[PDB]
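Its first residue numbered 1, the sequence shown is counted upward by one per residue in PDB author numbering. The beta carbon of each residue, even a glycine, is placed where N, CA and C say it ideally should be. Report on one structure; see the data block that follows.
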Amino acid sequence: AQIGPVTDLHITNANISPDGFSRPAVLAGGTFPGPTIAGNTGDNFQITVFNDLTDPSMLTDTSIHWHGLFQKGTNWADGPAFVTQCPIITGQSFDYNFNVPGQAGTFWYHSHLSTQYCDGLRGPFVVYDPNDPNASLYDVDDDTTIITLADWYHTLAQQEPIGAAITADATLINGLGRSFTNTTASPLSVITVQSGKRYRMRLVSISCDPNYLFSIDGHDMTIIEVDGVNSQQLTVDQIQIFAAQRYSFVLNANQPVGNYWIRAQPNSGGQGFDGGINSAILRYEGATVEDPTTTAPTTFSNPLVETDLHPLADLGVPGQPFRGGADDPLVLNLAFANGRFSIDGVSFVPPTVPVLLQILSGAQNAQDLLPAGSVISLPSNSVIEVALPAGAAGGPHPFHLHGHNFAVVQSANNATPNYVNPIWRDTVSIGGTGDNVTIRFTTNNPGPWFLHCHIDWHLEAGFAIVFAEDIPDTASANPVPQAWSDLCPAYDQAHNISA
Ligand SMILES: *[C@@H]1O[C@H](CO)[C@@H](O[C@@H]2O[C@H](CO)[C@@H](O[C@@H]3O[C@H](CO)[C@@H](O)[C@H](O)[C@@H]3O)[C@H](O)[C@H]2NC(C)=O)[C@H](O)[C@H]1NC(C)=O
Ligand SMILES: *[C@@H]1O[C@H](CO)[C@@H](O[C@@H]2O[C@H](CO)[C@@H](O[C@@H]3O[C@H](CO)[C@@H](O)[C@H](O)[C@@H]3O)[C@H](O)[C@H]2NC(C)=O)[C@H](O)[C@H]1NC(C)=O
Ligand SMILES: [Cu+2]
Ligand SMILES: [Cu+2]
Ligand SMILES: [Cu+2]
Ligand code: NA
């Protein structure tokens, strides 16, 4: 069952064996992935998160981010530790009480403390549209049509060296899959369809690191949504999906009744499909209960290319049709050396006082804010351009902005900008050496918004900055509840920290 929009959510430790190997984890709702939280557009979500964690090897504190939801007027509920709150301590709870005006699509939730979401705290978050403009394109859209893609590690996250190239031990599709080494024939996920029906498959990357080449043997996929943004229909036979991205695609169950492999090939870790790694099963009702015998093609003739995507609505692009054609045009210097990432010469290390609480206590400008050099102010009601030139080791890096979606004016592997009709999204691959992926948005959401690589190991190694958007209006725009004001005193008392 789905839960929400008003629900408790308990965060616990438990052993799980999603690839046949048992390890302890950090779970929401007792499962990996966590239960789907759902509601309708404009609903009030009140997710009361109960921190019941006791195993210090995966951290007993926690904080949860609602990835892709704008949190306008509720910056305090966004979740990134030491940006918008102090963590919730064990044996305490916290009500994330916010609204989702003007958004409908496929999202997810995850821990936003350290690398804790890698240890299991990740699940889908779906905001349905009762008047969806795409409703007539499919028959079925429900919990059975969500497809999650996850990396899974046998080593616990807090044992992963900072700044290292860290590699997974299994790909999990809907929570199940097989290990790349010592492979055992543990259960594969089954996605069941009825011949002749059309499905809204909601594809969610809950990855901590790899991107996946996703395909379904014998089938193609008609994209209708990108990171929450409705798209024109685009039919493809393969989707390369980077960490934290989402797509909806229509699957037409138009092939002969049978079993078909679902494939998700990561960019690192096990390559291919030997022993049923990197695999799940598409089963038609009436098919024999047996593994597929289908083949992938040697090459895919209609892969997704990001410049082919266009919004369903006439979204356009803010600003003027040339580089630097914005009120506030920025170019970030994104670098890596010696185990640490930096942005504009500064490696992110979380501050003791969350950025939002520094601003509510009266800090006047971005040079008053800690960490020094890690906070950039943005002016209100202005067009922002951010160029993100690639080259830093460990690519391709999927960059994500909290509080906002953005026009992708220039995409990976293509030097030509698009000032007319590019897709809007919230997490974008910045590509490879010499690329100049560039995003635009307008500042209508006061508060501190994290900008970071969504390879969680990179975030931990410093690949982040904070956009302090409209500092002067942050306090008036984001009234805080007493339970939020109580978080830092409780956390600092529990950890014997002075502030
Ligand atoms: C990605 O696109 C951005 C623009 O969106 C390019 O930024 C431009 O970068 C050049 C230098 O690489 C800038 O010119 C330099 O300015 C300084 C003074 O600030 C001057 O001392 C130098 O002699 C040089 O003129 C320019 O201001 C900046 N913005 C523009 C042109 O709009 C960036 O180079 C592109 N990166 C890649 C890798 O393609
Ligand atoms: C590299 O990125 C650029 C920019 O996003 C892509 O260029 C765009 O290509 C599209 C598709 O061909 C062009 O749209 C076309 O326009 C005419 C109408 O003028 C229409 O008859 C065609 O059916 C189609 O809609 C678009 O104008 C063009 N934009 C720019 C700024 O050049 C390009 O396709 C990408 N390269 C690759 C290899 O995908
Ligand atoms: Cu995220
Ligand atoms: Cu986010
Ligand atoms: Cu990265
Ligand atoms: Na425009």
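In this structure, the alpha-carbon of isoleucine 37 lies about 15 Å from that of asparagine 174. Look at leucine 149 here: in three-state DSSP terms it is strand. With respect to the C-alpha of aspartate 291, the residue from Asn259, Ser301, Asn278 and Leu315 having the closest C-alpha is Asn259.
When DSSP reads this structure, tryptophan 76 sits in no beta bridge, so it has no partner.
Around the CB of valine 289, fewer than 16 other CB atoms lie within 10 Å, so the residue is classed as exposed.
Secondary structure at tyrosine 117: helix, using DSSP grouped into helix, strand and coil.
For a cut-off of 8 Å, the C-beta gap from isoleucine 262 to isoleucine 277 is around 13 Å, too long to register as a contact. Distance from the CA atom of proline 161 to the CA atom of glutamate 460, rounded to whole angstroms, is 10 Å. Proximity of the beta carbon of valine 317 to ligand 2 is not indicated: no heavy atom of the ligand is located closer than 7 Å. Not one heavy atom of ligand 5 falls within 7 Å of the beta-carbon of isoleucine 497. Annotation for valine 355: the continuous alpha helix (DSSP H) segment containing it runs 355 to 360.
Judged by their CB atoms, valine 250 and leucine 149 are not nearer to each other than the 8 Å cut-off. In this structure, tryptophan 457 lies away from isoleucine 206, with their beta-carbon atoms at least 8 Å apart. The C-alpha of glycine 391 is placed about 39 Å away from the C-alpha of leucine 487. Within the segment 329 to 391, the complete beta strand (DSSP E) segments of 3 residues or longer fall at 334 to 337, 340 to 343, 375 to 378 and 383 to 387, listed in chain order. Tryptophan 261 is bridged by DSSP to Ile281. Considered as a whole, the segment 83 to 141 harbours 93 to 99, 105 to 111 and 122 to 128 as its complete beta strand (DSSP E) runs of no fewer than 3 residues, in chain order. Counting of Cβ neighbours within 10 angstroms places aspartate 274 among the exposed residues, the total staying below 16. Residues close to ligand 2 by the beta carbon criterion (under 6 Å to any non-hydrogen atom) are, from first to last along the chain, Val305, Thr307, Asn414, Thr416 and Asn418. Here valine 420 has no same chain residue with a Cβ atom under 6 Å from its own Cβ, once five neighbours each way along the sequence are excluded.
In the three-state reduction of the DSSP assignment, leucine 172 falls in the strand class, which pools E and B. A direct Cα-to-Cα measurement between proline 5 and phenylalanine 125 gives close to 10 Å. At least one heavy atom of ligand 4 lies closer than 7 Å to the C-beta of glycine 68. Between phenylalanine 45 and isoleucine 11, the C-beta gap is not smaller than 8 Å, which leaves the two residues out of contact.
Annotated as distal: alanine 499 and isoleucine 89, with beta-carbon spacing of 8 Å or more. When rounded, the separation of the alpha-carbon atoms in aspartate 169 and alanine 28 is 22 Å.
CA-CA distance, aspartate 237 to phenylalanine 214, rounds to 9 Å.
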